[PDB]
>>> print(open('data-v5.pdb').read())   # PDB, C-alpha atoms and all ligand atoms
ATOM      1  CA  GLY Q   1     -24.364  73.044  75.980  1.00  0.00           C
ATOM      2  CA  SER Q   2     -23.992  70.941  72.840  1.00  0.00           C
ATOM      3  CA  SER Q   3     -25.082  67.492  71.668  1.00  0.00           C
ATOM      4  CA  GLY Q   4     -21.929  65.996  70.183  1.00  0.00           C
ATOM      5  CA  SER Q   5     -20.751  67.902  67.118  1.00  0.00           C
ATOM      6  CA  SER Q   6     -16.961  67.585  67.123  1.00  0.00           C
ATOM      7  CA  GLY Q   7     -16.593  68.866  63.573  1.00  0.00           C
ATOM      8  CA  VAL Q   8     -17.474  72.417  62.560  1.00  0.00           C
ATOM      9  CA  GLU Q   9     -16.069  73.395  59.164  1.00  0.00           C
ATOM     10  CA  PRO Q  10     -17.281  75.450  56.170  1.00  0.00           C
ATOM     11  CA  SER Q  11     -18.241  74.013  52.782  1.00  0.00           C
ATOM     12  CA  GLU Q  12     -14.703  74.533  51.486  1.00  0.00           C
ATOM     13  CA  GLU Q  13     -11.711  75.777  53.478  1.00  0.00           C
ATOM     14  CA  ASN Q  14      -9.224  75.726  50.601  1.00  0.00           C
ATOM     15  CA  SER Q  15      -8.781  78.272  47.808  1.00  0.00           C
ATOM     16  CA  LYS Q  16      -5.970  80.399  46.378  1.00  0.00           C
ATOM     17  CA  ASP Q  17      -3.918  79.337  49.399  1.00  0.00           C
ATOM     18  CA  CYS Q  18      -0.286  78.309  49.865  1.00  0.00           C
ATOM     19  CA  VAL Q  19       0.390  74.798  48.566  1.00  0.00           C
ATOM     20  CA  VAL Q  20       3.397  74.453  50.868  1.00  0.00           C
ATOM     21  CA  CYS Q  21       2.292  75.219  54.425  1.00  0.00           C
ATOM     22  CA  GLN Q  22      -1.383  75.927  53.745  1.00  0.00           C
ATOM     23  CA  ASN Q  23      -1.229  77.987  56.939  1.00  0.00           C
ATOM     24  CA  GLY Q  24      -0.733  81.540  55.706  1.00  0.00           C
ATOM     25  CA  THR Q  25      -2.334  83.606  52.953  1.00  0.00           C
ATOM     26  CA  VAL Q  26      -0.210  83.870  49.809  1.00  0.00           C
ATOM     27  CA  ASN Q  27       0.423  87.522  48.962  1.00  0.00           C
ATOM     28  CA  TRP Q  28       3.199  87.219  46.380  1.00  0.00           C
ATOM     29  CA  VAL Q  29       3.234  86.407  42.664  1.00  0.00           C
ATOM     30  CA  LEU Q  30       5.934  84.288  41.027  1.00  0.00           C
ATOM     31  CA  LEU Q  31       6.498  86.045  37.700  1.00  0.00           C
ATOM     32  CA  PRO Q  32       6.425  85.651  34.919  1.00  0.00           C
ATOM     33  CA  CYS Q  33       3.844  82.900  35.400  1.00  0.00           C
ATOM     34  CA  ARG Q  34       2.647  85.084  38.275  1.00  0.00           C
ATOM     35  CA  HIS Q  35       1.569  82.222  40.540  1.00  0.00           C
ATOM     36  CA  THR Q  36       0.578  82.959  44.139  1.00  0.00           C
ATOM     37  CA  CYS Q  37       1.385  79.712  45.945  1.00  0.00           C
ATOM     38  CA  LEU Q  38       4.045  80.924  48.380  1.00  0.00           C
ATOM     39  CA  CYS Q  39       3.359  82.923  51.544  1.00  0.00           C
ATOM     40  CA  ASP Q  40       5.367  86.083  52.211  1.00  0.00           C
ATOM     41  CA  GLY Q  41       7.859  83.619  53.659  1.00  0.00           C
ATOM     42  CA  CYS Q  42       7.470  80.525  51.494  1.00  0.00           C
ATOM     43  CA  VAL Q  43       8.243  82.855  48.591  1.00  0.00           C
ATOM     44  CA  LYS Q  44      11.933  82.638  49.487  1.00  0.00           C
ATOM     45  CA  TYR Q  45      11.749  78.953  50.410  1.00  0.00           C
ATOM     46  CA  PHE Q  46      11.597  77.977  46.737  1.00  0.00           C
ATOM     47  CA  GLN Q  47      13.463  80.070  44.165  1.00  0.00           C
ATOM     48  CA  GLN Q  48      11.113  78.530  41.601  1.00  0.00           C
ATOM     49  CA  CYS Q  49       7.356  78.008  41.327  1.00  0.00           C
ATOM     50  CA  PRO Q  50       6.048  74.958  43.235  1.00  0.00           C
ATOM     51  CA  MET Q  51       3.512  74.589  40.424  1.00  0.00           C
ATOM     52  CA  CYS Q  52       5.033  75.443  37.044  1.00  0.00           C
ATOM     53  CA  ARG Q  53       8.608  75.408  38.347  1.00  0.00           C
ATOM     54  CA  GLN Q  54       9.549  78.538  36.398  1.00  0.00           C
ATOM     55  CA  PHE Q  55      12.725  80.430  37.294  1.00  0.00           C
ATOM     56  CA  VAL Q  56      11.421  83.296  39.427  1.00  0.00           C
ATOM     57  CA  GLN Q  57      12.979  86.445  37.970  1.00  0.00           C
ATOM     58  CA  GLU Q  58      10.646  88.933  39.654  1.00  0.00           C
ATOM     59  CA  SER Q  59       8.142  88.854  42.516  1.00  0.00           C
ATOM     60  CA  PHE Q  60       5.744  91.450  43.923  1.00  0.00           C
ATOM     61  CA  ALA Q  61       3.074  91.502  46.633  1.00  0.00           C
ATOM     62  CA  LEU Q  62      -0.533  91.810  45.462  1.00  0.00           C
ATOM     63  CA  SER Q  63      -1.622  94.172  48.236  1.00  0.00           C
ATOM     64  CA  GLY Q  64      -4.683  95.001  46.159  1.00  0.00           C
ATOM     65  CA  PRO Q  65      -8.498  94.936  46.329  1.00  0.00           C
ATOM     66  CA  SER Q  66      -8.227  91.159  45.972  1.00  0.00           C
ATOM     67  CA  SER Q  67      -8.672  89.674  49.446  1.00  0.00           C
ATOM     68  CA  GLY Q  68     -11.012  87.480  51.467  1.00  0.00           C
TER      69      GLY Q  68
HETATM   70 ZN    ZN Q 101       3.224  79.030  52.934  1.00  0.00          ZN
HETATM   71 ZN    ZN Q 102       3.913  79.221  38.338  1.00  0.00          ZN
END
>>> encode(input="data-v5.pdb", output="structure tokens")
Amino acid sequence: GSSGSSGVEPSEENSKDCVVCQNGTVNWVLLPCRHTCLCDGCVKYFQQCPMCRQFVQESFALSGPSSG
């Protein structure tokens, strides 16, 4: 029972998300830089940061009070 609205999306559907698959929520930091642009899986896809391209020496999952 609609008129013809074939486009229902929020103001902005992009923020602190993966810049590789933009499908899953990034929950891993790429230290040192500590950039979260790689999903739990994409984190292994690129040994470096897809933003700063810094040799990833250590990586940990946020798993904190920071979530949407
Ligand atoms: Zn991803
Ligand atoms: Zn980075």
>>> resolve_selection(input="data-v5.pdb", expression="the PyMOL selection byres (((not hetatm)) within 9 of (chain Q and resi 101))", output="PDB file with C-alpha atoms, in the coordinates of the input")
ATOM      1  CA  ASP Q  17      -3.918  79.337  49.399  1.00  0.00           C
ATOM      2  CA  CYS Q  18      -0.286  78.309  49.865  1.00  0.00           C
ATOM      3  CA  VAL Q  19       0.390  74.798  48.566  1.00  0.00           C
ATOM      4  CA  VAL Q  20       3.397  74.453  50.868  1.00  0.00           C
ATOM      5  CA  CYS Q  21       2.292  75.219  54.425  1.00  0.00           C
ATOM      6  CA  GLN Q  22      -1.383  75.927  53.745  1.00  0.00           C
ATOM      7  CA  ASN Q  23      -1.229  77.987  56.939  1.00  0.00           C
ATOM      8  CA  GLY Q  24      -0.733  81.540  55.706  1.00  0.00           C
ATOM      9  CA  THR Q  25      -2.334  83.606  52.953  1.00  0.00           C
ATOM     10  CA  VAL Q  26      -0.210  83.870  49.809  1.00  0.00           C
ATOM     11  CA  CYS Q  37       1.385  79.712  45.945  1.00  0.00           C
ATOM     12  CA  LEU Q  38       4.045  80.924  48.380  1.00  0.00           C
ATOM     13  CA  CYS Q  39       3.359  82.923  51.544  1.00  0.00           C
ATOM     14  CA  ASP Q  40       5.367  86.083  52.211  1.00  0.00           C
ATOM     15  CA  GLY Q  41       7.859  83.619  53.659  1.00  0.00           C
ATOM     16  CA  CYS Q  42       7.470  80.525  51.494  1.00  0.00           C
ATOM     17  CA  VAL Q  43       8.243  82.855  48.591  1.00  0.00           C
ATOM     18  CA  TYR Q  45      11.749  78.953  50.410  1.00  0.00           C
TER      19      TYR Q  45
END
>>> residues_near_ligand(input="data-v5.pdb", ligand="ligand ZN 102 (chain Q)", cutoff="12 Å", atoms="all atoms listed in the file", output="JSON, numbers by chain")
{"Q": [19, 28, 29, 30, 31, 32, 33, 34, 35, 36, 37, 38, 43, 46, 47, 48, 49, 50, 51, 52, 53, 54, 55, 56, 57, 58, 59]}
>>> atom_distance(input="data-v5.pdb", atom1="atom CA of residue Q:16", atom2="atom CA of residue Q:44")
18.3 Å
>>> atom_distance(input="data-v5.pdb", atom1="atom CA of residue Q:10", atom2="atom CA of residue Q:27")
22.6 Å
>>> atom_distance(input="data-v5.pdb", atom1="atom CA of residue Q:60", atom2="atom CA of residue Q:14")
22.7 Å
